[PDB]
Each structure stands twice: as structure tokens, then as C-alpha cells.
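Peer 1: Structure provided below as C-alpha cells; questions to follow.
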Amino acid sequence: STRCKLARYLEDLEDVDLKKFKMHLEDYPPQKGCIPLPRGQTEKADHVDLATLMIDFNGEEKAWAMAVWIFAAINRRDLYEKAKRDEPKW
């Protein structure tokens, strides 16, 4: 269900946005308690599978935080504010 909420935001990424979102995942800055994702599985993953991959690598709460940060970073402030206002009660 977190997985499905995240998949829905990811389906809203334009092609350029998705490429950049995936780079950020693969290259995630290394002092958060977050683990970057492998390039093969990340590049290959469709939208729902990418949400699943994010949760499998980092768990629900961190995957959500990563998604919020990256949305801001790639200037999708709409998805940044939507995920922030649609954050699960952990």
C-alpha cells in the first residue's frame, strides 16, 4: 500500500524526470542510513517494480523519505508536496 502510493507518484514522472530519479537512487548520498540501489535492477524496473525495489532495499519509511528528497532534487515540487502530504503514518 505504501508501495502502491509510491508507484503512483513514479508513474507521474516524465521520461527525463524518471532517468534523473533513477540516477539519484543509484547514486544516493551516503550518509542518511539509506542504501543506494543497484544500477541493473533499477534501470530495468518498471514503475511498480521500482517502488517494490526501493522498499526491499531500504524498508517503507526510508523509501518514502528517499522519494521525497529526490522529488525535490529533480524539481518535481508537485510530487514532493503530494508525497509530503500523503505520508503514511509509520
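Residue numbers start at 1 in each chain; chains themselves are named A, B, ... in the order of the C-alpha cells; ligands are numbered from 1 in the order shown.
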Going by DSSP on the backbone, which bits of chain A are helix (DSSP H, G or I)? Write them as a ChimeraX atom specification, please.
Peer 2: /A:2-11,15-26,39-44,47-58,60-73,77-85
Peer 1: I'd like the neighbourhood of residue 13 (chain A) as a count of residues only, where a residue qualifies if any of its atoms comes within 9 Å (using only C-alpha atoms), though same-chain residues fewer than 6 positions away should be ignored.
Peer 2: 3
Peer 1: With only C-alpha atoms as the counted atoms, please give the residues lying no more than 12 Å from residue 23 (chain A), apart from itself and same-chain residues fewer than 4 positions off, as a PDB file with N, CA, C and O atoms, in the first residue's frame.
Peer 2:
```pdb
ATOM      1  N   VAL A  16      12.452  12.177 -18.826  1.00  0.00           N
ATOM      2  CA  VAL A  16      13.609  12.901 -18.262  1.00  0.00           C
ATOM      3  C   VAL A  16      13.675  12.845 -16.705  1.00  0.00           C
ATOM      4  O   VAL A  16      14.750  12.673 -16.110  1.00  0.00           O
ATOM      5  N   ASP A  17      12.525  13.094 -16.078  1.00  0.00           N
ATOM      6  CA  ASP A  17      12.348  13.002 -14.612  1.00  0.00           C
ATOM      7  C   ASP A  17      12.732  11.568 -14.095  1.00  0.00           C
ATOM      8  O   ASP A  17      13.453  11.446 -13.115  1.00  0.00           O
ATOM      9  N   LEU A  18      12.185  10.513 -14.725  1.00  0.00           N
ATOM     10  CA  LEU A  18      12.479   9.124 -14.319  1.00  0.00           C
ATOM     11  C   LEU A  18      13.975   8.806 -14.389  1.00  0.00           C
ATOM     12  O   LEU A  18      14.479   8.145 -13.508  1.00  0.00           O
ATOM     13  N   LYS A  19      14.636   9.168 -15.488  1.00  0.00           N
ATOM     14  CA  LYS A  19      16.063   8.967 -15.655  1.00  0.00           C
ATOM     15  C   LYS A  19      16.819   9.583 -14.491  1.00  0.00           C
ATOM     16  O   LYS A  19      17.667   8.934 -13.813  1.00  0.00           O
ATOM     17  N   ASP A  27      22.809   6.511  -7.029  1.00  0.00           N
ATOM     18  CA  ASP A  27      23.894   7.331  -6.530  1.00  0.00           C
ATOM     19  C   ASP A  27      23.546   8.028  -5.185  1.00  0.00           C
ATOM     20  O   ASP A  27      24.075   9.049  -4.879  1.00  0.00           O
ATOM     21  N   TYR A  28      22.638   7.464  -4.415  1.00  0.00           N
ATOM     22  CA  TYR A  28      22.113   8.144  -3.243  1.00  0.00           C
ATOM     23  C   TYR A  28      23.196   8.525  -2.227  1.00  0.00           C
ATOM     24  O   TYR A  28      23.979   7.723  -1.911  1.00  0.00           O
ATOM     25  N   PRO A  29      23.121   9.746  -1.701  1.00  0.00           N
ATOM     26  CA  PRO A  29      24.194  10.313  -0.899  1.00  0.00           C
ATOM     27  C   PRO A  29      24.313   9.491   0.349  1.00  0.00           C
ATOM     28  O   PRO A  29      23.272   9.102   0.955  1.00  0.00           O
ATOM     29  N   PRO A  36      22.136   2.923  -1.427  1.00  0.00           N
ATOM     30  CA  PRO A  36      21.771   3.122  -2.844  1.00  0.00           C
ATOM     31  C   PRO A  36      21.308   1.830  -3.543  1.00  0.00           C
ATOM     32  O   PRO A  36      21.684   0.684  -3.118  1.00  0.00           O
ATOM     33  N   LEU A  37      20.603   1.980  -4.639  1.00  0.00           N
ATOM     34  CA  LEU A  37      20.054   0.821  -5.365  1.00  0.00           C
ATOM     35  C   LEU A  37      21.014   0.424  -6.527  1.00  0.00           C
ATOM     36  O   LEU A  37      21.654   1.290  -7.142  1.00  0.00           O
ATOM     37  N   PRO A  38      21.077  -0.849  -6.868  1.00  0.00           N
ATOM     38  CA  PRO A  38      21.947  -1.318  -7.984  1.00  0.00           C
ATOM     39  C   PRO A  38      21.475  -0.788  -9.327  1.00  0.00           C
ATOM     40  O   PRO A  38      20.284  -0.752  -9.590  1.00  0.00           O
ATOM     41  N   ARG A  39      22.402  -0.477 -10.231  1.00  0.00           N
ATOM     42  CA  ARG A  39      22.002   0.122 -11.490  1.00  0.00           C
ATOM     43  C   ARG A  39      21.203  -0.816 -12.373  1.00  0.00           C
ATOM     44  O   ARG A  39      20.278  -0.341 -13.046  1.00  0.00           O
ATOM     45  N   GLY A  40      21.559  -2.103 -12.422  1.00  0.00           N
ATOM     46  CA  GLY A  40      20.835  -3.040 -13.310  1.00  0.00           C
ATOM     47  C   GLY A  40      19.359  -3.177 -12.969  1.00  0.00           C
ATOM     48  O   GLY A  40      18.470  -2.925 -13.779  1.00  0.00           O
ATOM     49  N   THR A  42      17.592  -1.309 -11.004  1.00  0.00           N
ATOM     50  CA  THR A  42      16.906  -0.001 -11.061  1.00  0.00           C
ATOM     51  C   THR A  42      16.526   0.407 -12.477  1.00  0.00           C
ATOM     52  O   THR A  42      15.363   0.746 -12.772  1.00  0.00           O
ATOM     53  N   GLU A  43      17.495   0.369 -13.387  1.00  0.00           N
ATOM     54  CA  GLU A  43      17.198   0.683 -14.810  1.00  0.00           C
ATOM     55  C   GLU A  43      16.154  -0.198 -15.390  1.00  0.00           C
ATOM     56  O   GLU A  43      15.319   0.276 -16.122  1.00  0.00           O
ATOM     57  N   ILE A  70      14.289  13.005  -3.412  1.00  0.00           N
ATOM     58  CA  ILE A  70      14.648  13.040  -4.838  1.00  0.00           C
ATOM     59  C   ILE A  70      13.656  13.909  -5.620  1.00  0.00           C
ATOM     60  O   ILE A  70      14.066  14.598  -6.543  1.00  0.00           O
ATOM     61  N   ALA A  73      14.797  17.202  -5.454  1.00  0.00           N
ATOM     62  CA  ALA A  73      16.101  17.355  -6.104  1.00  0.00           C
ATOM     63  C   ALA A  73      15.949  17.450  -7.612  1.00  0.00           C
ATOM     64  O   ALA A  73      16.731  18.131  -8.281  1.00  0.00           O
ATOM     65  N   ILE A  74      14.944  16.805  -8.177  1.00  0.00           N
ATOM     66  CA  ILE A  74      14.762  16.861  -9.606  1.00  0.00           C
ATOM     67  C   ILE A  74      13.672  17.863 -10.011  1.00  0.00           C
ATOM     68  O   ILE A  74      13.228  17.882 -11.157  1.00  0.00           O
TER      69      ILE A  74
END
```
Peer 1: So, counting only C-alpha atoms, which residue among A:25, A:34, A:67, A:45 is closest to residue 9 (chain A)?
Peer 2: A:67
Peer 1: Nearest residue to residue 14 (chain A) out of A:47, A:62, A:32, A:84, using only C-alpha atoms?
Peer 2: A:47
Peer 1: Between CA of residue 83 (chain A) and CA of residue 58 (chain A), what is the distance, to one decimal in Å?
Peer 2: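 These two atoms are separated by 17.2 Å.
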Peer 1: Would you please work out which residue, of A:60, A:86, A:65, A:15, is nearest to residue 3 (chain A) when using only C-alpha atoms?
Peer 2: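 Looking at the shortest contact to residue 3 (chain A), the residue is A:60.
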Peer 1: What is the CA of residue 75 (chain A) to CA of residue 20 (chain A) distance in Å?
Peer 2: 10.3 Å
Peer 1: With distances taken over only C-alpha atoms, which of A:22, A:30, A:41, A:87 is nearest to residue 2 (chain A)?
Peer 2: A:87
Peer 1: Would you mind reading off the distance between CA of residue 80 (chain A) and CA of residue 68 (chain A), one decimal, in Å?
Peer 2: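 Distance between the two atoms: 5.2 Å.
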